[PDB]
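Chemist: I have a structure here, written as structure tokens, and I will follow up with some questions on it.
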Amino acid sequence: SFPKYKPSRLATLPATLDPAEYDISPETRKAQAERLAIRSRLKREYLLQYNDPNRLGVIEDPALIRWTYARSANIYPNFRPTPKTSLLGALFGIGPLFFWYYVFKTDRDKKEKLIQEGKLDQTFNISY
Amino acid sequence: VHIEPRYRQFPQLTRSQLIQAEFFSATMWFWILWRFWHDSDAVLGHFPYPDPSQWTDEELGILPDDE
Amino acid sequence: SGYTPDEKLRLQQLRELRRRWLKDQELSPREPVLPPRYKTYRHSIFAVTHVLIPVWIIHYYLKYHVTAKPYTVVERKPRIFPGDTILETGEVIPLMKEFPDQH
Amino acid sequence: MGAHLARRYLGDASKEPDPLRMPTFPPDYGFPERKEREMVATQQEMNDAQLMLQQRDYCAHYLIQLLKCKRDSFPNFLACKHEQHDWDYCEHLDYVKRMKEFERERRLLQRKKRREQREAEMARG
Amino acid sequence: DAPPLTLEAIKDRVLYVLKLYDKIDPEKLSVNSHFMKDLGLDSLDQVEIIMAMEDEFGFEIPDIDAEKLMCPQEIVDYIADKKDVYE
Amino acid sequence: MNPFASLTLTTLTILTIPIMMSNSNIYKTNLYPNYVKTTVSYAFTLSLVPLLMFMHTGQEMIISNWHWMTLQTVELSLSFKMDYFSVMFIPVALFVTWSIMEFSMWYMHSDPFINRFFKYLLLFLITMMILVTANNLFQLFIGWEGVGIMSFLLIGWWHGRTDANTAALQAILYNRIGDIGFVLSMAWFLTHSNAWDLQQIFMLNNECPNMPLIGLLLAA
Amino acid sequence: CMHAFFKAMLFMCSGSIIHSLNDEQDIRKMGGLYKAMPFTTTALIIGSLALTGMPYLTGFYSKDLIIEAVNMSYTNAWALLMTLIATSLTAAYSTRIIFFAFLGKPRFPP
Amino acid sequence: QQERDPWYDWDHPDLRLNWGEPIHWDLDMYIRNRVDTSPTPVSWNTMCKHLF
Amino acid sequence: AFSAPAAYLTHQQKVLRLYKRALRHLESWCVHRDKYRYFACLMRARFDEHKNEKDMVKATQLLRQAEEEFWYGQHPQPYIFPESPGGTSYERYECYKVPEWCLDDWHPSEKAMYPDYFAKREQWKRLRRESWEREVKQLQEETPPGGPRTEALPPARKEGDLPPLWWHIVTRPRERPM
Amino acid sequence: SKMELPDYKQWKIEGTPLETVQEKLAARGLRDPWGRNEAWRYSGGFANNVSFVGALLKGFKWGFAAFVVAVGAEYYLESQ
Amino acid sequence: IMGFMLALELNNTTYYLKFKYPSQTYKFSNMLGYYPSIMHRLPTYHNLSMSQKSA
Ligand SMILES: CCCCCCCCCCCCCCCCCC(=O)OC[C@H](COP(=O)([O-])OCC(O)COP(=O)([O-])OC[C@@H](COC(=O)CCCCCCCCCCCCCCCCC)OC(=O)CCCCCCCCCCCCCCCCC)OC(=O)CCCCCCCCCCCCCCCCC
Ligand SMILES: CCCCCCCCCCCCCCCCCC(=O)OC[C@H](COP(=O)([O-])OCC(O)COP(=O)([O-])OC[C@@H](COC(=O)CCCCCCCCCCCCCCCCC)OC(=O)CCCCCCCCCCCCCCCCC)OC(=O)CCCCCCCCCCCCCCCCC
Ligand SMILES: CCCCCCCC/C=C\CCCCCCCC(=O)OC[C@H](COP(=O)(O)OCCN)OC(=O)CCCCCCC/C=C/CCCCCCCC
Ligand SMILES: CCCCCCCC/C=C\CCCCCCCC(=O)O[C@H](COC(=O)CCCCCCC/C=C/CCCCCCCC)COP(=O)(O)OCCN
Ligand SMILES: *P(=O)(O)OCC(C)(C)[C@H](O)C(=O)NCCC(=O)NCCSC(=O)CCCCCCCCCCCCC
């Protein structure tokens, strides 16, 4: 029939094309109800604090606190040197340095060889 | 001038805008015709294009093949 | 499917309050209580200031300060054609030779 | 665009001229007595007129006359029609001379091909 | 720039559209009529009615809200609230 | 002195004038858009004059009015190139800007910050004139980045619109890759020619090489 | 220079259409503007003619010479072909703007 | 957040987040000003093939 | 927007949303009004053809195939109203929306420039302060012990009360504030 | 001020592409109920519109007359 | 003139009561050649992912 749509990571699958949307279980309905109850509880808490006539300041967001903490201060305590971590660290932290060292070393060696052999166009090169 | 809004009807126009639009369309077409009458070479060219086939070997300096 | 009775009633009450709020947002005839403290003439004052004063300042700056140092203002030399009269030395640049004219 | 491109690409590139190497035959080859082109404008005159280096071709005298005409009748920017036509006609003649050079190159190349084929056939026979 | 909307203008426009609907009898149509309880339309008819109102007033009514407007008066109140019309 | 230099510099200066008045009661009033439009009209006429001067005798000049700093054997100064390109493009740009400012006076009538809109338009015009009249690579770069940043500010005119903010940053990103090319060209020209000004660049580069020309192409 | 002139005018006419139709920018919702808006109609027609190279408008004196020089030069064949196709497509999208914005029946809200 | 529903009464309408709900680890790059992963009319592989 | 969402969309709701989206995209394809009317009537004919269907498994499969057809045939550039989320005028006036708490930080001279407005504002502030306790009490009386199962809020049940959590809804900035 | 909505009974699909649409739908066995709500667009000042070629030649008639007059005047001046 | 004529014919074809699904060429042209999609999602995603995961 019609050509099928292939989802990617940067072009995700639409909800209307998800096969699980048309196979609904009675447990799926109660999962949806529980999620809605959680959202309603959070919304009630936020709205009460938000409409408080006596509140002055910032309504602290524990989710935001946890996100900023997990992004910075909780990384090293939960880091272990594994083969994957070691290899990725060695690559991303050493490979670029030696690649650039080789590139610049080769370029400058060629430049100095031409300078010594006296066949490099250096006229008008006053400012260095 | 105040133009009253219309609902489901053609909007109210103005004599000034009608005459101005007509005058400028007419100005453009007069200019095109006047320029084509005088400077028709700009569109159709001015000098003929030579046909290289009609140039004689004598004037092109080509000797007979046997020679 | 439709509003529940509670949804209908709350919407009615909220919309009544919102309309009252906007009506209160309307201003008063006295409201912007400010604290105590020809066409040719306007463009004539505009033209003398905005055009005349800058041109005076810039011409003074260029004639007496910028062009008082070498190579600050360099002009491309004027074109000279055959049969011309050089004004600096009263000279006459001769005409070209006869063209092999066609038609 | 043109049929010469089709002849050279979908055909005999050996018989068609090469624009980046033309001319390949001596200018007097087949011309018993050939006169050199005449230059009216002198180097000093073109230098004074400040002609662009691509405008300093063999038509430069008509260009100088056109520039002098346009300078003298400045407010009337429609008064140098004759000078403009003289410059355009000189450029047209120069272009048709370039076309004649191309055609001479083409038929000289094909004459050389015919002569070498005749020599090859004579040697074979 | 544009003239402000009024409650009477919104009501007139919605009833105008509804009288130009063929499945609604213009004689028995009122501002309190229910599209399905006393006009006999269905869900697809209500969808088309809401789309006609969207084209009329030049804005969109989300599906979560549009499914509840079962009355011309409800449509008028919704549009007035969204456009900040109080008179 | 001939009126060429004076009139060109006067056009640029009177363009800059209404920015000075952007801290006055006129900037606090509703006459500021009309004031800026009138200024652009007057600048357009004063630019028409040197165009007539050029159309007669083909007069061109460079004005190195202000010396900025001497980097040993490299001198940077504020220089303007009033040649065919500049004296033809300035009147066209001023004419278009005048018409656009009037149309914006009608079009942005309900905008709460119409005066800021007109100040931003005039700032863009100033930067574009700097770009066009610049005689050295550094001043040309000043105009380059100035028009880039004014474009950034004017695209994101409505700050509450996420799409507007993404569009502004996107324009900055692409013009910044262009600026990478531009800076490569500037570094090459200074290193190999000891100059950032067009006269010495043209005189010394009898055959320009691929590296500086490709830098210019990438920036363009 | 020539493009500055007529492209600025085209954008101003587009803005006039947008403003008169309550910040609508969709040619699918424009229509009937040939008679509805006379002056902007004639201005946009003149601009689109100048853009496409009408034989004696402001775009003829630059675009026509550019095309002549491209055809008569030692150029890239593919570049020449793409330039000609682009001229055709310019005429095409100018036609699209005029046809969908000014001709026909209205599509804007009542 | 672009894939998040626009017609819902979010607590942060521009970020399309609610107060107290968990925040994705890569919210910093999944904002509406940044990387978008919303579905497209044409499949990503087809887009890549046609463009390349 | 104004209405609280439910835990899930019913089959009828999904069908109606597909109907509206399909008609909008068909209108985007069919630019002219007569062509749109013709093909819209055909689309409604298809929906009415499948309108009466007792087998809900078959109905769900029909909806799934219709969704696939729509995704294949959707307009790449559908028409969007200017004020709608994809529109050109979307969120343009958000930088002009300022809150009334921002209003109350004004200098006394500024507030003196609007004597009548701020008297009404003080009345509104008093009305807000006099009802908060009743609002919170009504909210905590009517909630289930487990907590709110939905985002809906009750009206005022008494003749002197106000609907709980009303201030920001009622005093939200105008759609065209400046 | 305070514009009045024109009477809704005046909107009909007769003499309009909408009646052609209605005939095709009737042949197919269908009907469209939104005919008149669209029929406002096909009547009044929107009843007739120019073609694409007729739009380009907007001022050709007066432009050509002025051109003929100017050519005659130029020829007259050249002759005398 | 060829562009004018072909575009006018294609635009006049829009009035017919005929509906056809779009072509691959139409999708390529309408979606800007897919350049903004691919090249505004892929390289930006990889750069912003490297900026956190690696650096
Ligand atoms: C809003 C304005 C400001 C804007 C910028 C604001 C931000 C920056 C502020 C400043 C920051 C730095 C502070 C430095 C402090 C020191 C000051 C200093 O060193 O000044 C240097 C310098 C002074 O040099 P100097 O060494 O003291 O004097 C040298 C000579 O001896 C002089 O020669 P002279 O002996 O001939 O003298 C002439 C005399 C007299 O002049 C004239 O006579 C000229 C006018 C002639 C008019 C002729 C007509 C008159 C009327 C007609 C009369 C006859 C009747 C006819 C009637 C006709 C009726 C029709 O005038 C003067 O001497 C004036 C000197 C300058 C005075 C002002 C100094 C102010 C300093 C204030 C510092 C405060 C703190 C700053 C920081 C604070 C924090 C932000 O002054 C200037 O540079 C001033 C401006 C120069 C002239 C104008 C140049 C125009 C250039 C145009 C370029 C256009 C480019 C456009 C590009 C964009 C568009 C594309
Ligand atoms: C990897 C390849 C890379 C290629 C690189 C080079 C690319 C060159 C491009 C050349 C121009 C292509 C124009 C069409 C592309 C866009 C099509 C489109 O979507 O239009 C909708 C668009 C309207 O949008 P809409 O209203 O939303 O329509 C939506 C509908 O659903 C209607 O939507 P639809 O999709 O149903 O309508 C499209 C349909 C109908 O539209 C057309 O046929 C367009 C007109 C084509 C004209 C071709 C030349 C005809 C002859 C002209 C005169 C020269 C001959 C000699 C005459 C006498 C001379 C003395 O056409 C097709 O489906 C066939 C393909 C179209 C051309 C494809 C070109 C190659 C790229 C793709 C290759 C693979 C294609 C596979 C098939 C598709 C996938 C299954 O059309 C227009 O606005 C008209 C544009 C086309 C006419 C413009 C003027 C002529 C163009 C230049 C022709 C040559 C003139 C002379 C040049 C100088 C020579 C020296
Ligand atoms: C030379 C230096 C490196 C050059 C290449 C750099 C490639 C990577 C650039 C940095 C990656 C960006 C990091 C984070 C930036 C934020 C990303 C972002 O804001 O989102 C993308 C943002 C907005 O997204 P929209 O699509 O508009 O969303 C619409 C809303 N509905 O747009 C962008 O910034 C996209 C930028 C992608 C860069 C890819 C372009 C690279 C092209 C290089 C080709 C060069 C050819 C030049 C020819 C030269 C001739 C000699
Ligand atoms: C073109 C870009 C190349 C970048 C630099 C080139 C380096 C080579 C590319 C990467 C190779 C390894 C570098 C470090 C990556 C670590 C590998 C990894 O992340 O996975 C490890 C696996 O690593 C190991 O534990 C064993 C160590 C070696 C295995 C991986 C390296 C093998 C590389 C193959 C060598 C090259 C093959 C040559 C083929 C022809 C090429 C010309 C853990 O496995 P998981 O638990 O599944 O975690 C991944 C979650 N998705
Ligand atoms: P009202 O409450 O009366 O609504 C009645 C409904 C429909 C809810 C019924 O009560 C009902 O549930 N009926 C059974 C379920 C059902 O209707 N299934 C079929 C629905 S989908 C269907 O078959 C129609 C699909 C055809 C159209 C597909 C659209 C794709 C085209 C998109 C093109 C976009 C650009 C042109």
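Residue names in the structure tokens use chain letters A, B, ... in the order shown, residue numbers from 1 in each chain, and ligand numbers from 1 in the order shown.
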So that I can see what lies close to residue H:10, please list as a PDB file with C-alpha atoms, in the first residue's frame the residues with an atom at most 12 Å from it, counting only C-alpha atoms and leaving out residues fewer than 6 positions away in the same chain.
Modeler:
```
ATOM      1  CA  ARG A  39       0.348  15.053  37.413  1.00  0.00           C
ATOM      2  CA  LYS A  43      -0.342  20.574  39.711  1.00  0.00           C
ATOM      3  CA  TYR A  46       2.136  24.125  42.504  1.00  0.00           C
ATOM      4  CA  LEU A  47      -1.139  25.995  42.010  1.00  0.00           C
TER       5      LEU A  47
ATOM      6  CA  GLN H   1       9.662  20.131  23.964  1.00  0.00           C
ATOM      7  CA  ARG H   4       5.389  18.210  23.620  1.00  0.00           C
ATOM      8  CA  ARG H  16       6.728  23.184  27.886  1.00  0.00           C
ATOM      9  CA  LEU H  17       7.428  21.769  31.335  1.00  0.00           C
ATOM     10  CA  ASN H  18       5.361  21.345  34.478  1.00  0.00           C
ATOM     11  CA  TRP H  19       6.497  22.045  38.013  1.00  0.00           C
ATOM     12  CA  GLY H  20       7.719  18.960  39.846  1.00  0.00           C
ATOM     13  CA  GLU H  21       7.811  16.559  36.908  1.00  0.00           C
TER      14      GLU H  21
ATOM     15  CA  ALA I   1      -6.259  25.034  26.688  1.00  0.00           C
ATOM     16  CA  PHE I   2      -9.048  26.161  29.015  1.00  0.00           C
ATOM     17  CA  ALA I   4      -8.431  19.941  31.818  1.00  0.00           C
ATOM     18  CA  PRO I   5      -7.354  16.857  29.832  1.00  0.00           C
ATOM     19  CA  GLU I 151      -6.766  18.652  37.130  1.00  0.00           C
TER      20      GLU I 151
END
```
Chemist: Considering only C-alpha atoms, return as a list in words whatever protein or nucleic-acid residues lie within 9 Å of residue I:82, sequence-local ones (same chain, fewer than 6 positions apart) excluded.
Modeler: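 Listing them by chain and then by number gives residues 58 and 59 of chain E; 23, 24 and 25 of chain G; 88, 89 and 90 of chain I.
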Chemist: Output N, CA, C and O atoms of each residue in that selection to a file, as a PDB file, in the first residue's frame.
Modeler:
```pdb
ATOM      1  N   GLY E  58     -11.073  33.549  12.204  1.00  0.00           N
ATOM      2  CA  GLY E  58      -9.660  33.596  11.894  1.00  0.00           C
ATOM      3  C   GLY E  58      -8.725  33.083  12.963  1.00  0.00           C
ATOM      4  O   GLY E  58      -7.555  33.468  12.976  1.00  0.00           O
ATOM      5  N   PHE E  59      -9.197  32.231  13.866  1.00  0.00           N
ATOM      6  CA  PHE E  59      -8.329  31.611  14.853  1.00  0.00           C
ATOM      7  C   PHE E  59      -8.773  30.174  15.070  1.00  0.00           C
ATOM      8  O   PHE E  59      -9.810  29.739  14.568  1.00  0.00           O
TER       9      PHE E  59
ATOM     10  N   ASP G  23      -2.399  40.293   9.311  1.00  0.00           N
ATOM     11  CA  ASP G  23      -1.161  39.539   9.520  1.00  0.00           C
ATOM     12  C   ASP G  23      -1.231  38.134   8.925  1.00  0.00           C
ATOM     13  O   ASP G  23      -0.718  37.173   9.496  1.00  0.00           O
ATOM     14  N   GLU G  24      -1.854  38.016   7.759  1.00  0.00           N
ATOM     15  CA  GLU G  24      -1.902  36.769   7.010  1.00  0.00           C
ATOM     16  C   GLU G  24      -0.809  36.779   5.952  1.00  0.00           C
ATOM     17  O   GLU G  24      -0.684  37.747   5.198  1.00  0.00           O
ATOM     18  N   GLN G  25      -0.023  35.704   5.892  1.00  0.00           N
ATOM     19  CA  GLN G  25       1.089  35.622   4.952  1.00  0.00           C
ATOM     20  C   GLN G  25       0.963  34.448   3.989  1.00  0.00           C
ATOM     21  O   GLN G  25       1.938  34.097   3.325  1.00  0.00           O
TER      22      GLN G  25
ATOM     23  N   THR I  88       2.804  32.174  12.075  1.00  0.00           N
ATOM     24  CA  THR I  88       3.772  33.257  11.966  1.00  0.00           C
ATOM     25  C   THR I  88       3.615  34.294  13.069  1.00  0.00           C
ATOM     26  O   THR I  88       4.604  34.913  13.469  1.00  0.00           O
ATOM     27  N   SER I  89       2.399  34.507  13.566  1.00  0.00           N
ATOM     28  CA  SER I  89       2.157  35.456  14.641  1.00  0.00           C
ATOM     29  C   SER I  89       2.092  34.784  16.002  1.00  0.00           C
ATOM     30  O   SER I  89       1.548  35.362  16.946  1.00  0.00           O
ATOM     31  N   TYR I  90       2.633  33.579  16.123  1.00  0.00           N
ATOM     32  CA  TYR I  90       2.581  32.845  17.376  1.00  0.00           C
ATOM     33  C   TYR I  90       3.589  33.417  18.357  1.00  0.00           C
ATOM     34  O   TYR I  90       4.768  33.569  18.028  1.00  0.00           O
TER      35      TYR I  90
END
```
Chemist: At a cut-off of 9 Å, using only C-alpha atoms, what residues contact stretch 46-53 of chain E? Leave out same-chain residues fewer than 5 positions from it and give the result as a PyMOL selection string.
Modeler: (chain E and resi 13-14+17-18+21+35-36+41+58-61+66-67+69-70+75) or (chain I and resi 16-17+19-20+24) or (chain J and resi 34+37)
Chemist: Using only C-alpha atoms, please write the residues we just selected to a file, as an mmCIF file, in the first residue's frame.
Modeler:
```
data_model
loop_
_atom_site.group_PDB
_atom_site.id
_atom_site.type_symbol
_atom_site.label_atom_id
_atom_site.label_comp_id
_atom_site.auth_asym_id
_atom_site.auth_seq_id
_atom_site.Cartn_x
_atom_site.Cartn_y
_atom_site.Cartn_z
ATOM 1 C CA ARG E 13 -21.593 36.354 13.242
ATOM 2 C CA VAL E 14 -22.047 32.937 14.859
ATOM 3 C CA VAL E 17 -22.844 31.145 9.991
ATOM 4 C CA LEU E 18 -25.351 28.772 11.573
ATOM 5 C CA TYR E 21 -25.637 25.909 7.517
ATOM 6 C CA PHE E 35 -26.510 20.963 18.325
ATOM 7 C CA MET E 36 -27.527 17.381 19.118
ATOM 8 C CA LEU E 41 -26.813 16.901 14.402
ATOM 9 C CA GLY E 58 -9.660 33.596 11.894
ATOM 10 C CA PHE E 59 -8.329 31.611 14.853
ATOM 11 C CA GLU E 60 -8.156 28.003 16.004
ATOM 12 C CA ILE E 61 -10.111 26.250 18.756
ATOM 13 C CA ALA E 66 -14.019 22.486 20.807
ATOM 14 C CA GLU E 67 -15.602 19.143 21.744
ATOM 15 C CA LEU E 69 -19.099 23.804 22.646
ATOM 16 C CA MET E 70 -22.591 22.399 22.089
ATOM 17 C CA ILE E 75 -19.308 29.354 21.268
ATOM 18 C CA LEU I 16 -13.041 13.189 15.307
ATOM 19 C CA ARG I 17 -9.500 14.546 15.653
ATOM 20 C CA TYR I 19 -11.549 13.955 10.738
ATOM 21 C CA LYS I 20 -10.657 17.559 11.546
ATOM 22 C CA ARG I 24 -7.669 20.837 7.251
ATOM 23 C CA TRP J 34 -21.894 24.783 3.406
ATOM 24 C CA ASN J 37 -21.380 30.278 3.465
#
```
Chemist: Counting only C-alpha atoms and all ligand atoms, name the residues that have an atom within 6 Å of an atom of ligand 2; the answer should be given as a PyMOL selection string.
Modeler: (chain G and resi 84-85+88-89+92) or (chain K and resi 3+6-7+10+22-26)
Chemist: Determine the nearest neighbour of chain H from the options K:2, K:15, K:20, K:35, counting only C-alpha atoms.
Modeler: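 Of all the options, K:35 lies closest to chain H.
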Chemist: Which distance in Å separates atom 19 (C, counted along the ligand's line) of ligand 5 and atom CA of residue I:9, to one decimal?
Modeler: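 Pair atom 19 (C, counted along the ligand's line) of ligand 5 / atom CA of residue I:9 returns 15.3 Å.
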Chemist: Give me every helix (DSSP H, G or I) residue in stretch 30-216 of chain F, going by DSSP on the backbone, as a PyMOL selection string.
Modeler: chain F and resi 32-57+84-107+114-133+137-155+162-193+198-204+210-216
Chemist: Which residues come within 12 Å of residue J:18, counting only C-alpha atoms, excluding same-chain residues fewer than 2 positions away, as a PyMOL selection string?
Modeler: (chain I and resi 32-38) or (chain J and resi 11-16+20-25+31-43) or (chain K and resi 17)
Chemist: So that I can check the surroundings of stretch 56-69 of chain G, please list as a ChimeraX atom specification every protein, DNA and RNA residue that reaches within 12 Å of it, counting only C-alpha atoms and ignoring chain neighbours fewer than 5 positions away.
Modeler: /B:27-43,45 /D:1 /G:1-7,46-51,74-75,79-87,90
Chemist: Taking only C-alpha atoms and all ligand atoms into account, list the residues no farther than 6 Å from ligand 1, as a list in words.
Modeler: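 My answer, listing the contacting residues, is residues 56, 57, 58, 60 and 61 of chain C; 9, 12, 13, 16, 20, 126, 129 and 130 of chain F.
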Chemist: Could you dump the residues just selected with N, CA and C atoms as a PDB file, in the first residue's frame?
Modeler:
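again_20.pdb, freshly written:
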```
ATOM      1  N   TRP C  56      29.766  72.560   7.644  1.00  0.00           N
ATOM      2  CA  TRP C  56      30.761  73.544   8.061  1.00  0.00           C
ATOM      3  C   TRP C  56      31.884  72.887   8.846  1.00  0.00           C
ATOM      4  N   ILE C  57      31.524  72.060   9.828  1.00  0.00           N
ATOM      5  CA  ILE C  57      32.530  71.414  10.664  1.00  0.00           C
ATOM      6  C   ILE C  57      33.420  70.509   9.828  1.00  0.00           C
ATOM      7  N   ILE C  58      32.823  69.734   8.925  1.00  0.00           N
ATOM      8  CA  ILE C  58      33.586  68.772   8.142  1.00  0.00           C
ATOM      9  C   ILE C  58      34.466  69.473   7.118  1.00  0.00           C
ATOM     10  N   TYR C  60      35.708  72.497   7.417  1.00  0.00           N
ATOM     11  CA  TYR C  60      36.808  73.072   8.182  1.00  0.00           C
ATOM     12  C   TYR C  60      37.827  72.006   8.565  1.00  0.00           C
ATOM     13  N   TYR C  61      37.354  70.844   9.008  1.00  0.00           N
ATOM     14  CA  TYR C  61      38.254  69.778   9.426  1.00  0.00           C
ATOM     15  C   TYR C  61      39.086  69.260   8.261  1.00  0.00           C
TER      16      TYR C  61
ATOM     17  N   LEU F   9      31.545  62.856   3.447  1.00  0.00           N
ATOM     18  CA  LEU F   9      31.618  62.759   4.897  1.00  0.00           C
ATOM     19  C   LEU F   9      30.395  63.374   5.559  1.00  0.00           C
ATOM     20  N   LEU F  12      27.575  60.791   5.618  1.00  0.00           N
ATOM     21  CA  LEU F  12      27.776  59.808   6.685  1.00  0.00           C
ATOM     22  C   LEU F  12      27.481  60.410   8.064  1.00  0.00           C
ATOM     23  N   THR F  13      27.977  61.623   8.313  1.00  0.00           N
ATOM     24  CA  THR F  13      27.813  62.238   9.625  1.00  0.00           C
ATOM     25  C   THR F  13      26.349  62.528   9.937  1.00  0.00           C
ATOM     26  N   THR F  16      24.683  59.682  11.133  1.00  0.00           N
ATOM     27  CA  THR F  16      24.942  59.377  12.542  1.00  0.00           C
ATOM     28  C   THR F  16      24.218  60.314  13.506  1.00  0.00           C
ATOM     29  N   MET F  20      22.650  60.308  18.096  1.00  0.00           N
ATOM     30  CA  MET F  20      23.006  61.179  19.210  1.00  0.00           C
ATOM     31  C   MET F  20      21.764  61.710  19.911  1.00  0.00           C
ATOM     32  N   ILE F 126      23.944  52.934   9.111  1.00  0.00           N
ATOM     33  CA  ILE F 126      25.281  53.443   9.404  1.00  0.00           C
ATOM     34  C   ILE F 126      26.326  52.354   9.199  1.00  0.00           C
ATOM     35  N   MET F 129      26.855  51.685   5.493  1.00  0.00           N
ATOM     36  CA  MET F 129      27.676  52.721   4.873  1.00  0.00           C
ATOM     37  C   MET F 129      29.145  52.551   5.240  1.00  0.00           C
ATOM     38  N   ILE F 130      29.429  52.171   6.488  1.00  0.00           N
ATOM     39  CA  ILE F 130      30.814  51.919   6.889  1.00  0.00           C
ATOM     40  C   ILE F 130      31.406  50.796   6.052  1.00  0.00           C
TER      41      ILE F 130
END
```
